[PDB]
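# would you be able to build a 3D model of this:
(chains A, B, C, D, E and F)
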Amino acid sequence: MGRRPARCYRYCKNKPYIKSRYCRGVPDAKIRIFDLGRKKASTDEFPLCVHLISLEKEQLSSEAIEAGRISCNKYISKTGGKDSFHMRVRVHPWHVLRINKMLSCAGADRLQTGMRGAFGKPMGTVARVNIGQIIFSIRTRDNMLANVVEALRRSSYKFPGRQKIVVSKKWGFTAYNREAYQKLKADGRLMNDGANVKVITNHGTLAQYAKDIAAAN
Amino acid sequence: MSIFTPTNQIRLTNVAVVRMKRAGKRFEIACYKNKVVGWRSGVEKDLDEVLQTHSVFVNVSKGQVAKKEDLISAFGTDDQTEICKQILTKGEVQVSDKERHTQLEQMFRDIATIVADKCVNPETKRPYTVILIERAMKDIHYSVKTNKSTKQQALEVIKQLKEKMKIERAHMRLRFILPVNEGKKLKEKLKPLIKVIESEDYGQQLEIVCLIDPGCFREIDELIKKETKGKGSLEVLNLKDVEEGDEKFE
RNA sequence: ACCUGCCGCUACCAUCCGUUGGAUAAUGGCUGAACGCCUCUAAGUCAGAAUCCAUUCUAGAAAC
RNA sequence: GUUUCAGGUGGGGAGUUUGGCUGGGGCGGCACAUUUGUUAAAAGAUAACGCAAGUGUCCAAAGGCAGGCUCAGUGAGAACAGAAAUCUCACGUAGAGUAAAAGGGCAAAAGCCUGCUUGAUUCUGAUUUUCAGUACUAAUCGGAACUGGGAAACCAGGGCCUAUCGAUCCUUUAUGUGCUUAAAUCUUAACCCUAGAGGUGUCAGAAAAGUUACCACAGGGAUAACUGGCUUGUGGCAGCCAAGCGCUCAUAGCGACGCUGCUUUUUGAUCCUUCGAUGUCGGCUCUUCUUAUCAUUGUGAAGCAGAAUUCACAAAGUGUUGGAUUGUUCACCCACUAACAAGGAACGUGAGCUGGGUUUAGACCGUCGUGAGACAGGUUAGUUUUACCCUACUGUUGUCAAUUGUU
RNA sequence: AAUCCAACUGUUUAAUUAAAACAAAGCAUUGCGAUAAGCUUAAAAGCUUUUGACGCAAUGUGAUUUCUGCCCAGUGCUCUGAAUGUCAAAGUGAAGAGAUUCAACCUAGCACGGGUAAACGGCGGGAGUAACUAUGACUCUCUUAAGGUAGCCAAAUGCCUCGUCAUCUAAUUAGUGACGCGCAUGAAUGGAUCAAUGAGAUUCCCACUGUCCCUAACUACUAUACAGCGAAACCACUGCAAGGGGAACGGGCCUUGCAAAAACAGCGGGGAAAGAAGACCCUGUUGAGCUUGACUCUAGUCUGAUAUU
RNA sequence: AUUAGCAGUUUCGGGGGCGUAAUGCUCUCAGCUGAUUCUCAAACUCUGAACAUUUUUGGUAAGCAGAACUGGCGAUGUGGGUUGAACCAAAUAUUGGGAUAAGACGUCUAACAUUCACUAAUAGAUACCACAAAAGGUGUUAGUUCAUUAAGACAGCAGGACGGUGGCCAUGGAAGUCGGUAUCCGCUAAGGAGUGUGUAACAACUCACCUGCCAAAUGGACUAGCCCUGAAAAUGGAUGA
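Residues are numbered from 1 along each chain as shown, chains lettered A, B, ... in the order given. Pasting the structure now:
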């Protein structure tokens, strides 16, 4: 951060303070943009998924997150075409850090505005995670994987703590593996909504797929 | 100790005071010498980044905090946000050395940039020589004060340039509109006073007499020709001082 | 009091005197594997600082 | 004039005050009485100058009760009329409204609308909330009188609920064919008995301004200033990653955005030790010490042809200056130089120094203050005491009595 | 070589301050014509008065020189002032059996209205505006009346500040000249200058070069012994150090380094050395001295009435 | 609270070729609405938990300040943690023998044997507790993955590593290789319009690619154990020695 070195905002403690109807001086987060690459690209056209995940519960800064994203931004021509690229982070710095400032910076002793009423003005906006919660995600085609992991590698340095990279067996941003996510197309009971999927509704819906047929189109 | 007590005085002075004299009462803010300056000429950072203390005193040195009531009385506001901002914008700052230097430089530039109109050209032109004006400013030993305005300083410097010596300069083109037969008379009168060119003689029409008059004593000059003439008339001007004509020794 | 002024004490305000062996560091190698090659290295070892320790020098142990 | 009394004047004097909390104290704010929500770790209970807000009021209705009705919002229509007026019908388990803060509660209502009323009336008993099971604030339940509402059940101790307040005395007001005035029983007048209002906001209740650098006392390390202790935001110093700079070229030399560190040579946070006194700052003096090596030596790099630099290592063995200015470190120029590198050591060193500052009494100026007086505002003058003790150290005697022959 | 200050001559803190402080003549104001002024005393009675305005009593300034700009809004001080308000006690009336109660009339003072600034003091903030060319002359407005005039200045007065420019220097946070929208200068709170003077504050140059470069020499208390001469000193215990942990810098504790009687003369590194139940600081429902439009009071005073009268 | 595209649209917002601007076609924007997804809220919830430790508030943090439960120095030391107000063992009348506790068992210092692995480091060695990180390492140990291999490998060395062709560009020139693009085929076991070095540029060499020989294992990528790097501060120096 700017007023601090992120050593006092390394570890999760105190209950969550946020950008609220109680706080208000709360600054704007360092990124409000969380995707990178073809967001038009389909659920189906990209079937490759890697995650970034912490191993320790730690408060990643918004600035840090931004930095991480702009590794994977630049590792894209090196990768090969932004077309074959998605990203989403999946950790938004909702929570805000307090700073009681030390009024003395070149001299002058308080004991009057010392540690009395010494409650932080909110400066710092930050995200909490645990021992496996995701902190970057990349959907892509099965071409780039040694590229994306290297981008992640860069990202790993831009983040506090021991991270980890796991390749999901899913098609990227989906709760189905591949063994499943051909049977949906193959049997033809899938239903598409752009970047997402839906699936037809039998054990999904029943009271509204009782005397219904429009639910098999 | 004994009798020998480490006092070392009240609390360290080490920041810009911003003294605002509102409701006859002094309110002040812990900032920095440069930061305040930056704020007040464009660089709007954060309100508590430019302020090392986001609160208001009455005496920054002695470590005294004002009464909310006083603030209310003076400013008609309680929240320190607004009050602080006000203080920042319209209270007496303490500049650094660097800032002071910058200010000085600015002043210097604007007593050669304002004097670029009445510039010091060599034997022939070579019409601008603004660098040479700047150079000349301290060769005479001049107090380039940042208290006074630029225009005033310009006026001062030209008088000295006379006793440099290289003569005072301030010439433009006054195109005097002169009706009836007294115009001719006026023309005759003012020919030894200043230069006369682009003339015409008319009894049934206006006379466009173009003169080369003093520019830094121009209004006064304008006033004393009409009176001489007798009748009321119009005498147009340029802007203040221009370098269209000769500025070598003139 | 002043000018000289001895012995004496003293002033880079004068003069004379303040060394040389092994051991290493970094580092440069040598042979040389682990790892058919290759590598200052793992075994092994060459050179090598104002360094290290001795030599020289002061004191001289309830030490001989 | 003099008594004798009265009205004003009256810091000329007299006596006395001048809250409390408090990450020293004052400046500050109120966390000093009370409410809601969270702090509060699934009954209660449970703190800070913890966070977000409120309270000293407002209401003949914004109370009581009965009856009727349904709101916010949206849709589709409809002279003027469109984004808005008003008129329909649709949907609308509330997204409205309900004195206000916030949370709750609430639809044949707790809302809106009407109607009638004044249970916002009195006597008495119990409880709760806080709690000492004391007071008060508040609130609850049950009765007796007397009323109100509505057919009637029912509901009606003020506001849907949780806040919207206050002892004794002294007064003042109501209450009663009231009591008592103790040497003529009467008349008042007074006091009482009963219940209210006057208000204390420090809110279970200190009539109440300043200052002392002319000060004093009992105390306090519970409580500041120098020291050390934790800490390391801040200060310095170090990395890690590598987008970019660098003609070319990420890492020769740098290195954005970002992350991890050390450090106790900045200052703050702190108040553990010292107020029955560690002599406060600086400079002279002097040792010793650490390396984060400025020079030196031996080396490795380079964008290293040479000279000249730049970067790295080993390495603290030896060197690391003369001035001008300032109380001064810090600072800021000149001057030489191999280099003029960083620091420590009770911010090394006051029974080693001067005292230049800072810190008393005298004064001056400014500003502030009705003034006494204040001022990390300046200015000027302002006693640096004691070692003869223990040790440590310098040098010196003496001993070496089992360093063995009287030596 | 010149600056700051104070004119001088003089005086002061009975043991840190001799100063720029004080004083001082010179300048100015107020009070006052005796039963006066000012003051002393419970009382009686007094002093200045061995007095009478060319004076006494009370202030301020502070020699000379040259000046003292504006403001009576505030505070004080005064007044043969309008008032016809408030207004005590007494006295008057009314009412009530009385106690008692309620009306007028109403003193000073306050309120009010004028005077006063060499009495305290004050002497702006915003618009334009001498081509805003502008230092702000000038206009307009607002409060609290006036709105810093002449002078003067980073001054002993200026925070920012080592202000800017200039000189003086090899180099100058020092001095001095200039500038001066002056944090927060300024006209008897006295402003400006300056001869003479000053154990006065600052600087610069010549100034006899042991303050220093860098010390040495020599001459005088120490040391020794004699006497009176380990008085006084001393006092938890004592006194070897490295880290550790410890109420968080141990002489004692832990574990390490080590050490061998008795002594001498120097040293100031330690003994958180010694000298004071700390004054700095904060607490006490602890005090004092002084202040003031605190709370309460009081002599003195000004007025009213009874009585003497 | 808040991200993402997707769908139906919009003469009801706007601009392009067509069309009346178009909201119609073909593109993007704006707004609405419908289906999904991201992340989530001390002062929210449809739902729901039996001075020391654990919870927790403020604080950058502190041997800071402040709460909860319980436990501890008060008439509470002893044994242990080198030493110690809080940790353990565990409670203190005066004794003896026994057997344990915590903790140790080279020597200090009462207390030993065995057995297997690991480390080779001025290392490392009794929670609290007197420090260590991110990131590095062809140190050694363990382990997991997939791949290469008898069509004979790895590593090595030996041989070959051609033509259309100077492809097109830029370009006297840059022919695989200043630099750029397309990057295709013939013949072969075998050869990219080419990895570098180099050449003004070609070449030459080297690589990819293929065979000879030797003769059986090999290659990557992570994972975590110890060791190392990071890892500097002040009198000499502390796993207690």
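
# what distance do you get for residue A:132 to residue A:54?
7 Å (Cβ to Cβ, to the nearest Å). For the C-beta atoms, the positions are set from N, CA and C on the backbone; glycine is no exception.

# which neighbours do the two share?
Residues touching both residue A:132 and residue A:54 by Cβ atoms under 8 Å, 6 or more residues apart in numbering or on different chains: residue A:164.

# domain parsing for the chain?
In the absence of a named chain, chain A is used. Following the assignment in CATH domains of a matching chain, chain A carries domains at A:1-174, A:175-217.

# other chain: chain B
For chain B, CATH domains of a matching chain gives the domain ranges B:13-94, B:95-166, B:167-250.

# tabulate those domains in a markdown table, adding columns for distance to residue B:2.
Below are those laid out as a markdown table (distance: least, Cβ to Cβ, whole Å):
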| stretch | distance to residue B:2 |
| --- | --- |
| domain B:13-94 | 27 |
| domain B:95-166 | 41 |
| domain B:167-250 | 71 |
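
# most tightly packed of those?
Sort these by mean neighbour count, taking mean count of other Cβ atoms under 10 Å in any protein chain shown, and domain B:13-94 sits at the top with a mean of 17.

# the residue nearest to the spatial centre of chain A: what secondary structure?
Geometric centre of chain A, nearest residue: residue A:90, 2.1 Å, by Cα atoms, centre = their mean. Here residue A:90 is coil, with the state taken from DSSP: H, G, I helix; E, B strand; the rest coil.

# next one: residue A:60
Secondary structure assignment for residue A:60 (three-state DSSP): strand.

# so how far is residue A:215 from the nearest residue to it once chain neighbours are set aside?
If the residues on either side of it in the chain are set aside, residue A:60 comes closest to residue A:127, at 5.2 Å by Cβ to Cβ, 6 or more residues apart in numbering or on different chains. Separation of residue A:127 from residue A:215 (Cβ to Cβ): 39 Å.

# so which residues make contact with stretch A:195-213?
Contacts to stretch A:195-213, defined as Cβ under 8 Å, 6+ apart, come from residues A:39-43, A:173-174, A:176, A:184, A:189-192, A:215-216.

# in helices, which of the residues you listed fall?
residue A:184 (DSSP state H).

# wait, isn't residue A:17 in contact with residue A:96?
Yes - at 5.0 Å, residue A:17 and residue A:96 qualify as touching, with contact defined as Cβ atoms under 8 Å.

# identify the contacts common to those two.
With Cβ under 8 Å, 6+ apart as the test, residue A:17 and residue A:96 both reach A:23, A:122.

# what about these two, which has more around it?
Using other Cβ atoms under 10 Å in any protein chain shown, the more surrounded residue of residue A:17 and residue A:96 is residue A:96, with 22 against 18.

# give me the residue from chain B nearest chain A.
Distance from chain A to each residue of chain B (Cβ to the nearest Cβ) is smallest for residue B:12, at 3.2 Å.

# of residue A:132 and residue A:54, which one has the most company?
residue A:54 (21 against 13).

# so what sits opposite the more buried one in the bridge?
residue A:163 (DSSP bridges).

# which residues touch it?
Counting by Cβ under 8 Å, 6+ apart, residue A:54 has contacts A:60, A:129, A:130, A:131, A:132, A:133, A:135, A:159, A:161, A:162, A:163, A:164.

# run the last query once more with 6 Å
A:129, A:161, A:163 (Cβ atoms under 6 Å, 6 or more residues apart in numbering or on different chains).

# hang on, the earlier thing: look up how far residue A:141 lies from the residue nearest to the residue nearest to the centre of chain A when sequence neighbours are not counted.
Excluding the flanking residues, the one nearest residue A:90 by Cβ to Cβ, 6+ apart is residue A:134, at 4.8 Å. According to Cβ to Cβ, residue A:134 stands 21 Å off from residue A:141.

# does whichever residue of chain A sits closest to RNA strand E lie in a helix or a strand, and which?
Taking Cβ to the nearest atom of the strand, RNA strand E has its nearest neighbour within chain A at residue A:111, 10.5 Å off. When elements are assigned from DSSP states H and E, residue A:111 belongs to no helix and no strand.

# what about it, neighbour count?
For residue A:111, using other Cβ under 10 Å, the count is 9.

# and for the one 5 residues further on?
When neighbours are counted by other Cβ under 10 Å, residue A:116 registers 9.

# likewise residue A:139?
Here the number of neighbours of residue A:139 (other Cβ under 10 Å) works out to 28.

# is any residue of the host helix or strand of the residue nearest to residue A:60 near RNA strand F?
Secondary structure from DSSP H and E places residue A:127 in strand A:121-128. Yes - with Cβ under 7 Å from any atom of the strand as the criterion, RNA strand F is reached by strand A:121-128 at A:127, A:128.

# and that strand, which strands flank it?
Strand pairing (DSSP bridges) places strand A:121-128 next to strand A:59-61 (antiparallel), strand A:95-99 (antiparallel).

# RNA strand F: which of those strands is closest?
Of the strands paired with strand A:121-128, the one closest to RNA strand F (Cβ to the nearest atom of the strand) turns out to be strand A:95-99, at 3.4 Å.

# list the buried ones in that closest one?
A:95, A:96, A:97, A:99 (16 or more other Cβ atoms under 10 Å in any protein chain shown).

# is RNA strand F contacted by it?
Yes - on the criterion Cβ under 7 Å from any atom of the strand, strand A:95-99 is in touch with RNA strand F at A:95, A:98, A:99.

# returning to that earlier point: out of the contacts of residue A:54, who's nearest chain B?
residue A:129 (27.8 Å).

# what about the closest one, neighbour count?
20.

# not counting its neighbours along the chain, what's nearest it?
Counting by Cβ to Cβ, 6+ apart, residue A:129 lies nearest to residue A:54, which is 4.9 Å off, once chain neighbours are set aside.

# repeat that for residue A:165.
Closest residue to residue A:165 apart from its sequence neighbours, by Cβ to Cβ, 6+ apart: residue A:152 at 5.1 Å.

# which parts of the host helix or strand of that neighbour are buried?
Using DSSP H and E, residue A:152 falls within helix A:146-157. Buried residues in helix A:146-157, counted by 16+ other Cβ under 10 Å: A:147, A:148, A:149, A:150, A:151, A:152, A:154, A:155, A:156.

# show me the contacts for the residue nearest to residue A:90.
A:51, A:53, A:90.

# dump those to JSON lines, plus distance to RNA strand F.
Shown next, in JSON lines, are those (distance: Cβ to the nearest atom of the strand, whole Å):
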{"residue": "A:51", "distance to RNA strand F": "10"}
{"residue": "A:53", "distance to RNA strand F": "11"}
{"residue": "A:90", "distance to RNA strand F": "4"}
